[PDB]
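Each of two forms of one protein chain follows alone as structure tokens, named structure 1 and structure 2.
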Structure 1
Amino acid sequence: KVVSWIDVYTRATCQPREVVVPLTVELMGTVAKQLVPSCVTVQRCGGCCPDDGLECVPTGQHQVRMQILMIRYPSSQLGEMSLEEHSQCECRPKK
């Protein structure tokens, strides 16, 4: 399996991309468990910039409500966690 440079570049270049976020881990908030799943997948800006000085950052955002099953043995309740999801990204000086 050989991947063409174009496909490699276009795909590695700064843009929004599904990222895994660890619940009870990423955001210091709620470091406790009982969550199913204990992590979620959310679009974010990732990749690299044509310059070692630039950085990949959002230029379009919005919160997404992720339904998360919360559990305390007898009762399992579908709760809702919210987080920042990116829709547009750009390369720019990490000053």
Structure 2
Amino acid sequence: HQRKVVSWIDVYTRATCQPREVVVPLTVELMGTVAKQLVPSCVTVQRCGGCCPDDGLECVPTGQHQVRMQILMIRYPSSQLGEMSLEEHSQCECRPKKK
């Protein structure tokens, strides 16, 4: 579309403040659960990444929610599923910082 070289424009929008997938460890809370192993050892969430056009402005979330996602708790005669909830962002926004 716009080169083998990623064009400016396509570079900016791609690297702009939006919610995006970030690997995150298991939550202190399901790290305590009585289980022989926890599968997987990490969960990918959606979080305000990218960057603002300033040192001053920071990419923050204007829309967010807790995701319930089931983790496998290998244990006992039979493994079972446990629910892990954490912070996940849907809407993001580049906003001014704090002092």
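Only residues modelled in both forms are compared. In this text, rigid core is short for the largest set of C-alphas that superpose within 1.5 Å between two forms. Residue positions are counted from 1 along structure 1's sequence.
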- Could you check which of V36, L54, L27, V64 shows a C-alpha shift of 2 Å or more between structures 1 and 2 after a rigid core superposition? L27
- Query: By the 2 angstroms cut-off, has the C-alpha of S75 moved between structures 1 and 2 once the rigid core is superposed?
  - Reply: yes
- After superposing on the rigid core, how many Å does the CA of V8 move between structures 1 and 2? 1.1
- Run through the residues found in both forms and list the stretches of 3 or more in a row whose CA moves by 2 Å or more between structures 1 and 2, fitted on the rigid core. 24 to 33, 71 to 75
